[PDB]
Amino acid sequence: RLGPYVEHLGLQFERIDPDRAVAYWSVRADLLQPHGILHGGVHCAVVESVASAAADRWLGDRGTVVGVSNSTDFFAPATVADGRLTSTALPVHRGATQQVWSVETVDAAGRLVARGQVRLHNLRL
């Protein structure tokens, strides 16, 4: 129940709690930019996906969230050879009107591949 774009990214969630979300995924040939590494927009969309899932789960029955902004840094190039990536969203602030979550994407060795912050607005019932 995360939408069609999340499915196309290939994210597979191990956990979506009010205080953490974890998802596994992989570089795929269709996700590349012309020099054979991951298109940077894919990192941003993964960061957006894992944070908004957690933010939505935290808000729960009390309303719904809308994305406000996303700032993602790319620290290493990623290819199909780099295997399974893990993206973990952790909360920075969870308040009445705003949420900010931090998402780290790491490889199996724990090497930080990307890291992003997502700001969300709470639409409360």
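Quick note: we count residues from 1 along the sequence shown, nothing fancier.
Here 112 to 120 and 7 to 15 are compared by their mean Cα B-factor, and 7 to 15 comes out higher. For the pair 39 to 47 and 56 to 64, the mean B factor over Cα atoms is greater in 56 to 64.
Sort the modelled residues of the chain by CA B factor and residue 26 lands in the highest third. Split the chain's modelled residues into thirds by C-alpha temperature factor. Residue 96 is in the highest one. When the modelled residues of the chain are ordered by C-alpha B-factor, residue 76 sits in the highest third.
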